[PDB]
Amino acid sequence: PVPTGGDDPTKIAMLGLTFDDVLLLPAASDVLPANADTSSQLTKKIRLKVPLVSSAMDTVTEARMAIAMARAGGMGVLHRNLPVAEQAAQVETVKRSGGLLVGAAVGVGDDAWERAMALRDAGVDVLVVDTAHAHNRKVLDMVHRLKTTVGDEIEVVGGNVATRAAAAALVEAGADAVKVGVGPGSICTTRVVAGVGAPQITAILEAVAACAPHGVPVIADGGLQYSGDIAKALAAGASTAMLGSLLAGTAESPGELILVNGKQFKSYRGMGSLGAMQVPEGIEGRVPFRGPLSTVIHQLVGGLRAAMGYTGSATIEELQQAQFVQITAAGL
């Protein structure tokens, strides 16, 4: 019998590693952190100066965040928990502030196609087909329909996935980037409510095995707690990281300042929380107030630059080839 039970070796398919399970190994380097090139592909056509995008959540990204992210060299993805006209108006607002990149989330419901076209009319650069489980005919069809209809002018992101097969299906459907993360978010309760999830280092490694041979970039979405996790996500093969919790405490995020026990916080809630939907798969929580976005991004990029120095990675493409050491429980 299999050592963990039963007679089927495939029943437990893999050992899933998360960010805390690994560290980047130093390697021969003549790269100064200040001189590293942090640019990376968000999609097949769109390259960002900083490999970071903000989550499509209503306590993270509206027009103010999207503008600040683009100015910092990344991009915002506008959330879709609002009327079509209002989302498209936020797209226009971002475009009014110069030649700034912006993305926007759409679902696969019956209002989704109309939402997508209105966003297109407003001048959006990236449409994100925004689901918790992309390995589904309705999601794949939406990605494909969008790519064939507006694909010349707009890049189409599909997600989320956590397996190689799912990433492969999105590639076949025509996705310009594949977003990875089922279960890892800081406000996520999918693991305890549904018992479903996939540790994010292993999910990225698997998704990249399907996407990289087709020249399709992977966006690592969820579970990033520290700037060092961004370096780990990219070294596992992702091309960008999408951040929720790490940006939710910034001045530019939606929501007001909250004072509890003499300390400052902002509300941060899952799009699957009871509040956002009003069976919940997210919580409503708090994150410490962090000040201006520009400063948070500077600290995050700073940690990434340090990782590039330690690993001898002159570019993000080189960082994607770095090696890990796996650590034990004691290592934490």
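Just count from 1 along the sequence shown to find any residue number.
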Pick one of none, 1 to 3, 4 to 9 or 10 or more for the number of deposited-sequence residues not modelled between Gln278 and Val279. 10 or more
Quick check: 230-238 versus 127-135, which has the larger average CA B-factor in the record? 127-135
Out of 84-92 and 214-222, which stretch has the higher average CA B-factor listed in the record? 84-92
Reading the B-factor column of the entry, which of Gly159, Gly109, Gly76, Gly244 has the highest value at its C-alpha atom? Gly109
Would you mind checking which of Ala194, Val182, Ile201, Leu101 has the top Cα temperature factor in the PDB entry? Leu101
Thinking about Cα B factors across the chain, which third does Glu206 belong to? lowest
Record-listed C-alpha B factor of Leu259: chain third: highest
Grab the CA temperature factor for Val325 from the record and place it in the lowest, middle or highest third of its chain. lowest
Looking at the C-alpha B-factor of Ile154, is it in the lowest, middle or highest third of its chain? highest
Using the B-factors in the PDB entry, rank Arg269's C-alpha atom against the chain and give the third, lowest, middle or highest. highest
